[PDB]
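A lone chain, given as structure tokens: the form deposited in one PDB entry.
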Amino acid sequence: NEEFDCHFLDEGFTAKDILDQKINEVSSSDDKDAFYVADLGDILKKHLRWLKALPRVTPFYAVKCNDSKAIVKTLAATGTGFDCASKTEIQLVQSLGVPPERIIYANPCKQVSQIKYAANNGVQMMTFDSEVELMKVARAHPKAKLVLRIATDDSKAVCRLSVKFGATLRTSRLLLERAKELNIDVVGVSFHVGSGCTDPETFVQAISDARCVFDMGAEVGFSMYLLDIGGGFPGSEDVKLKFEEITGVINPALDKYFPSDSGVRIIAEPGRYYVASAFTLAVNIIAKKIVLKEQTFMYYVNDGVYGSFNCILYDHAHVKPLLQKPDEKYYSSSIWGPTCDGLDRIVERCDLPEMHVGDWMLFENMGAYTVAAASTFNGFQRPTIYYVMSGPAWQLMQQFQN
């Protein structure tokens, strides 16, 4: 099974080199299905980077971003926690040998049978943001350790009037009093700034708001210790607001509002940060049209918006096709997926040299919210993932296991 198969990445070779080699090796055949190269060493590099940038914050990987068994196994060996939102995610993480104390069930709105599943498997820490959730916990998981999820503002959200998750400060006070009345233990506060964050000061506001709810907790009689700063950190350098600019703003706020001597335990829920850059997708041009307007091209490829490029609809993705000479002419071009749906278009207009059927197009930074939400609509199967890892990366993972 390719899911637990890992290939060696030789010294002085990058994931890009491996991609080029596989492409060369299938040159004279029609075995040209789309495929990923997934560098597990990149995930270890992200972990070293996290330990350096956020030394007080324990990462809990957001499984939904990419539930690859190889990814979860690599991060588990590294010693991360996991943010699970469903029975299936908890099952996946536990099947790889992760104990329940390394899981946070950070779904604020949980089906009762899934709350019971968590209780049956010893997963004690869950989030909530509503009184109905407290009633369900009192019935189905009364000894749970609850983390209150507070609202964060996103001034760029498409729907700012209706926010799916997060209690206001006023509601937070009423929730803490209600939890006390029901004899439910609230142990902390969580927030999630969201992947659309343009200003790191949003984290400062959320940390300040979390401190306010910690103070409310102390007033109601709770022993709050757990601060969860959520996710939304970028997974590549191809962004305006880079990881270390965010962390450089977070750390002074953590020191100010949650000093280490308070006994607080700080965690986060990064998803895309760990995995986005680790996956590169290669698709093959399977069909081609020339349209005179002067010369323009339509390229059809063997992954699309029902597959990996669902990220265009669900994840606000803007994808950048890359070629697998400076003087050669570029033409206005559109790129289409393989399904028989006129909506299955990946790129409306870009400039490309004339390409041909059998040529490859590459898409970097395809690890997060891609394969996790792909379907087999129209019968088109998911691209094979080839996992690679260098010897030195494997050795680094071994050091973490000890």
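Just so we're on the same page, rigid core means the largest C-alpha set that superposes within 1.5 Å between forms. A residue's number is simply how far along the shown sequence it sits, counting from 1.
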Original post:
Among the other compared PDB entries, is residue 313 dropped in a third or more?
Top reply: no
Original post:
Checking the other entries of this protein that model its neighbours, is residue 267 missing in at least a third?
Top reply: no
Original post:
Taking residue 293 and residue 294 as adjacent modelled residues, how many residues of the deposited sequence between them have no coordinates (none, 1 to 3, 4 to 9, 10 or more)?
Top reply: 10 or more
Subject >> Missing from the model but present in the deposited sequence, between residue 324 and residue 325 >> reply: 1 to 3
Original post:
Out of 25 to 33 and 38 to 46, which stretch has the higher average CA B-factor listed in the record?
Top reply: 25 to 33
Original post:
For the C-alpha atoms alone, is the average B factor greater in 221 to 229 or in 272 to 280, going by the entry?
Top reply: 221 to 229
Subject >> Residue, from 318, 136, 288, 145, that the PDB entry assigns the highest Cα B-factor >> reply: 318
Original post:
Which one of 351, 364, 67, 341 shows the biggest C-alpha B-factor in the PDB entry?
Top reply: 351
Original post:
Relative to the other modelled residues in the chain, which third contains the C-alpha temperature factor of residue 214: lowest, middle or highest?
Top reply: middle
**OP:** Please rank the C-alpha B-factors of the chain's modelled residues and tell me whether residue 185 sits in the lowest, middle or highest third.
**Re:** middle
Original post:
Going by the entry, which third of its chain does the Cα temperature factor of residue 244 land in?
Top reply: middle
**OP:** Going by the recorded CA B-factors, say which third of the chain residue 384 sits in, lowest, middle or highest.
**Re:** middle
Original post:
In terms of the CA temperature factor given in the entry, to which third of its chain does residue 171 belong: lowest, middle or highest?
Top reply: middle
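This next part talks about the form deposited in another entry, which is not shown.
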Subject >> Position with Cα shift of 2 Å or more, rigid core superposed between the shown form and the other one, options 317, 147, 207, 98 >> reply: 317
Original post:
Relative to the superposed rigid core, does the CA atom of residue 170 travel 2 Å or more between the shown form and the other one?
Top reply: no
**OP:** Using a superposition on the rigid core, decide whether the Cα position of residue 341 changes by 2 angstroms or more between the shown form and the other one.
**Re:** yes
Subject >> Core-superposed C-alpha of residue 387 shifting 2 Å or more between the shown form and the other one >> reply: no
Subject >> Cα separation of residue 68 and residue 380 in the other form versus here, shift of 3 Å or more >> reply: closer
Original post:
Once you compare with this form, do the C-alpha atoms of residue 381 and residue 90 lie closer or farther in the other form, given a change of 3 Å or more?
Top reply: closer
